[PDB]
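See structure below.
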Amino acid sequence: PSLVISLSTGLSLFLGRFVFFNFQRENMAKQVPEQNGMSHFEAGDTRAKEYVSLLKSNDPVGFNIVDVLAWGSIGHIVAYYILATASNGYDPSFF
Amino acid sequence: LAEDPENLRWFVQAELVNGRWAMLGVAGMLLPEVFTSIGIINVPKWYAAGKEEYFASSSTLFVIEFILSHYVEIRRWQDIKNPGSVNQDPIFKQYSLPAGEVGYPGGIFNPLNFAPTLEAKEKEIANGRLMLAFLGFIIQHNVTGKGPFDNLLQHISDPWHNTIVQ
Amino acid sequence: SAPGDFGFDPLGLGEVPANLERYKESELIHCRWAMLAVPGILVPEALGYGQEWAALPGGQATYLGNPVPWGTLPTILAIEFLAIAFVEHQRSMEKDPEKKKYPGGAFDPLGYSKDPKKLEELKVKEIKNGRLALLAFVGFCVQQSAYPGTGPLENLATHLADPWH
Ligand SMILES: CCCCCCCCCCCCO[C@H]1O[C@H](CO)[C@@H](O[C@H]2O[C@H](CO)[C@@H](O)[C@H](O)[C@H]2O)[C@H](O)[C@H]1O
């Protein structure tokens, strides 16, 4: 009865919305701004917050869900393998 | 420093609606007393129309009507904060515009006015109460009884009854 | 009684003068889709025979392979809430007067800002039919929002049934 993988499908809906930006612009962590060392005064008591930056991939990587989540979930994860299996490998459809 | 009264609009209008509905209420009774025989609660239904269908129910009747009474009543509201009812004979009475020697405030006792031809909401004063207190009377004495006056044989003399409940 | 006369500006008015009811225009066209759904009945004595996706017999075309999850519901559903985020993206990028970027300074002289971007523009007749529809959807649509296990079979008596379980 239960779509169990209805929702694990579902939650790595969102944290692939996490595979994000390790890649695309510049470094890590929008480079450590303020973490260690302690932004004065402004880390002081405060900042930043911005009701204005919920875009960027709203549209692109909202596909990330349907990735693994399609053909790699209920439709038997990567059937197109072979790539060194003898100390064993396989790997074999429990499905 | 607002010494005393006040009020006005108020519950002088409060009354007349008691007065004139206690008056009607007793038209209720009026019926079963001359060519007599038929009433009390009689939990009417209430006069009942044709032999073409109801049938114990056909509907909550009673319940509805007064959805209607309802926005007609917002209407009298829809008057008394800000004076609006053409005739204008309750809010102070008619005789168009006037009485409101108490509409802008400053009363104390203010008697009032209102019939063009002629006289007043006055000896419709005291039919005003006769009936409110009458009901008081009317559904006072049920809770044990339900009928008036024969002759001098053996009725009007109160013979033997049975406490309040107890 | 929420519209019992109350509301100032960006919250009060601003949220609603067309905006929310212009978004409540969708409500009506949803209830144009839904009152394009209920009219399965609407026309009695009609020609029907059959369909139309009823009580689950076997979906669209079964697929050459075990249907993805199971049921017609999840496959038609999952898509709907991504291919329609198309519109609200466009509907949530506007402003009412002239459009440039986040420009210099434009608050108020005369002409007074504007009016819901898409105001009444007159035709105060959309609203007269709007709340008319809203009052319906919310209202005696609860004639069919309680215990409607049955359908249409009126048999002469009266009308109404007071209250009861
Ligand atoms: C509406 C606001 C709330 C009300 C509470 C405040 C009440 C006002 C207080 C009164 C203020 C002081 O008023 C004060 O002056 C009066 C005359 O100038 C004095 O009054 C006195 O002198 C008069 C001279 O012939 C005599 O006739 C008076 O009988 C005598 O009382 C009192 O000392 C006092 O009454």
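Chain C is numbered as in Swiss-Prot; the shown residues are, in order, 61-110, 116-230.
Per deposition record, X-ray crystallography, 3.5 Å.
Cβ coordinates are placed from backbone N, Cα and C, and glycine is handled just like the others.
Annotation for C:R196 (chlorophyll a 1 binding site): no same-chain Cβ neighbours under 8 Å separated by at least 6 residues are found. What Swiss-Prot lists as chlorophyll a 1 binding site is C:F68, C:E87, C:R196, and the listing cites similarity to another entry.
The chlorophyll a 2 binding site annotation in Swiss-Prot covers C:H90. Its Cβ placed at the centre, C:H90 (chlorophyll a 2 binding site) has 14 other Cβ atoms within 10 Å.
The chlorophyll b 2 binding site annotation in Swiss-Prot covers C:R92, C:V133. The number of other CB atoms found within 10 A of the CB of C:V133 (chlorophyll b 2 binding site), across every protein chain shown, is 14.
The Cβ of C:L129 (chlorophyll a 3 binding site) has no same-chain neighbour under 8 Å that is 6 or more residues away in sequence. As annotated by Swiss-Prot, chlorophyll a 3 binding site applies to C:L129, C:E191, with the evidence given as similarity to another entry.
Per Swiss-Prot, chlorophyll b 3 binding site is recorded for C:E153. Counting every protein chain shown, 11 other Cβ atoms lie within 10 Å of the Cβ of C:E153 (chlorophyll b 3 binding site).
There are 11 other CB atoms within 10 A of the CB of C:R156 (chlorophyll b 4 binding site), with all protein chains counted. Taken from Swiss-Prot, the feature chlorophyll b 4 binding site covers C:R156, and the record attributes it to similarity to another entry.
Under a cutoff of 8 A between CB atoms, and with a sequence separation of 6+ in the same chain, C:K190 (chlorophyll a 5 binding site) has no neighbours. Annotation source Swiss-Prot lists chlorophyll a 5 binding site at C:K190, C:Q208.
Taken from Swiss-Prot, the feature chlorophyll a 4 binding site applies to C:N194. Under DSSP, C:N194 (chlorophyll a 4 binding site) is assigned to a helix (H, G or I) in the three-state scheme. Long-range Cβ contacts of C:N194 (chlorophyll a 4 binding site) within its own chain (separation 6+, distance under 8 Å): C:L88.
For C:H224, the entry in Swiss-Prot reads chlorophyll a 6 binding site. Take the CB of C:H224 (chlorophyll a 6 binding site) and look out to 10 A: across all protein chains shown you find 9 other CB atoms. DSSP classifies C:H224 (chlorophyll a 6 binding site) as coil under the three-state reduction.
The transmembrane segment feature in Swiss-Prot is assigned to C:132-152 (among others); the stated evidence is sequence analysis. Outside the transmembrane segment (C:132-152), and at least 6 residues removed from its termini, the chain residues within Cβ reach (under 8 Å) are 118, 121, 124-125.
Summarising the annotation, Swiss-Prot assigns transmembrane segment to C:197-217 (among others) and lists sequence analysis as the type of evidence.
Tertiary neighbourhood of the transmembrane segment (C:197-217): same-chain residues 84, 87-88, 91, 101, selected by CB-CB distance under 8 Å and a gap of 6+ residues from either end. Ranked by CA distance from C:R156 (chlorophyll b 4 binding site), the binding-site residues C:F68, C:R92, C:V133, C:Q208, C:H224 have C:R92 at the top as the closest. Secondary structure at C:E87 (chlorophyll a 1 binding site), taken from DSSP and collapsed to helix, strand or coil, is helix. Under the three-state DSSP scheme, C:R92 (chlorophyll b 2 binding site) falls in the helix class. A distance below 8 A between C-beta atoms marks C:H224 as the binding-site residues from C:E87, C:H90, C:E153, C:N194, C:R196, C:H224 lying next to chain B. In three-state terms derived from DSSP, C:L129 (chlorophyll a 3 binding site) belongs to neither a helical nor a strand segment and is classed as coil. Filtering the binding-site residues C:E87, C:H90, C:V133, C:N194 for a Cβ under 8 angstroms from any Cβ of chain A leaves C:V133, in order along the sequence.
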